[PDB]
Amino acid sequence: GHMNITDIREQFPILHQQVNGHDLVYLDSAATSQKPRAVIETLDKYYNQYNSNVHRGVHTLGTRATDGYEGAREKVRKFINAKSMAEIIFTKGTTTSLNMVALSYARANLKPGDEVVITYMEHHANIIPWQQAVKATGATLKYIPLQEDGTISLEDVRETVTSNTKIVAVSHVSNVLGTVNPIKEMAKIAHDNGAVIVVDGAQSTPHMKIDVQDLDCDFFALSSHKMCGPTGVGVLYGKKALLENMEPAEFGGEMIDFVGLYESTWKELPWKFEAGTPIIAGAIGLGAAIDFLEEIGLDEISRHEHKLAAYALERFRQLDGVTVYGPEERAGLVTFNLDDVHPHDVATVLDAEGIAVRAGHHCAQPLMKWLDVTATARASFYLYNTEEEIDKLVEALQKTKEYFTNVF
């Protein structure tokens, strides 16, 4: 049962190379994750053996491609514990999923005086679609405040959500702070006030079990590329009764039933929301990523990331002049700054040592402003990373601090 990190790393060809003369140390999985051979070879087999368009079922390869595509829909349903494949919509990624809710749910259900409630830690994907939806409807956007450690208190949620709130939208896991938000209790507060809750799960799904029946979220969005799967593919989950009453966000072939000159009728769910030839190979590859993660065990992967996170926080606390943002209890990532060194220069120096991290605002400018910084650096961990890699990171941070103090 227990995961062998050597055996896991063996499955990721891209980890086994040098950058600038040093073994690669890839600590940027919160930006995008690497892929095991089981996923890459799923794409290969699709294109080598049974590519064809789907949902015709009139010739043999087309039936195979259809069975592969719809089979992957069912894999996703089981993976997040949705009641029904009608609730599982394949999209281009988390961002498009959230935009579909903002176009098809928010803009149809917001009036002046209604509120959309988000938080200061949201990724832009979970901010801009609501800014545009409230502007288009004359509704009001509101922000739940954060505690000093970058978590959300339920009393602040209760204070911000009111009888005029129609939508609460919030991240399951922050890509910057590592905070795991109390989604299940926030959904109960949202429903008690007459609101739906929209959960941005791009950063939770790769790393921890999702059960949308236990969360009782109304909508849940995720991206394949962060969870060992292909780029260009994501999921929107929504409760069937909500999706049934929402109009499509996109129109075209495959999502219609009858097309007249001026009027058309739509397919049943989920295909109502899948216009045009779908992301056939990428969805099948996302199903393979799910099989891969489930065979390792999401709970095993969470325990491994908890170990790496606690080890990294401890070793970061051994460095002088380094500031870490966010709470002690966290997902597998550390966002930080070195005193006196711009995080872009940190990242540049670290890449010269083979170490890949991210520097910038991480698509969370209002959070940087809340943190009173212009930018930060971020190291993020996944199921193929090790404590030795964190040692290399903290050693390179120490030698970065020494380098820049002495150039001065």
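Whichever C-alpha set is largest while still superposing within 1.5 Å between the two forms counts as the rigid core. Counting begins at 1, following the sequence as shown.
Asker: State which stretch is farther from the displayed form on average in 8 other deposited structures of this protein, 43 to 51 or 352 to 360, counting RMS CA distance after fitting on the rigid core.
Answerer: Greater root mean square C-alpha distance in 8 other deposited structures of this protein: 43 to 51.
Asker: If you take the mean CA temperature factor per stretch, which one wins between 142 to 150 and 247 to 255?
Answerer: According to the entry, 142 to 150 carries the higher average C-alpha B-factor.
Asker: Comparing average C-alpha B factors as deposited, tell me which of 395 to 403 and 5 to 13 sits higher.
Answerer: The entry gives the higher C-alpha B-factor average to 395 to 403.
Asker: Compare the CA B factors listed in the entry for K45, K35, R378, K369 and report the winner.
Answerer: The C-alpha B-factor peaks, among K45, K35, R378, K369, at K369.
Asker: Among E87, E185, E274, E122, where is the Cα temperature factor highest, going by the PDB entry?
Answerer: Largest recorded C-alpha B-factor: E185.
Asker: Going by the recorded CA B-factors, say which third of the chain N20 sits in, lowest, middle or highest.
Answerer: Within its chain, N20 is a highest-third residue by C-alpha B-factor, going by the deposited values.
Asker: Where does the C-alpha B-factor of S163 rank in its chain, lowest, middle or highest third?
Answerer: Answer is highest: the recorded C-alpha B-factor places it there.
Asker: Could you tell me which third, lowest, middle or highest, the C-alpha B-factor of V349 occupies within its chain?
Answerer: CA B-factor rank for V349: highest third.
Asker: Thinking about Cα B factors across the chain, which third does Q131 belong to?
Answerer: As the PDB entry reports it, the C-alpha B-factor of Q131 lands in the middle third of its chain.
Asker: How does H306 rank on Cα B-factor within its chain, lowest, middle or highest third?
Answerer: It falls in the middle third of the chain.
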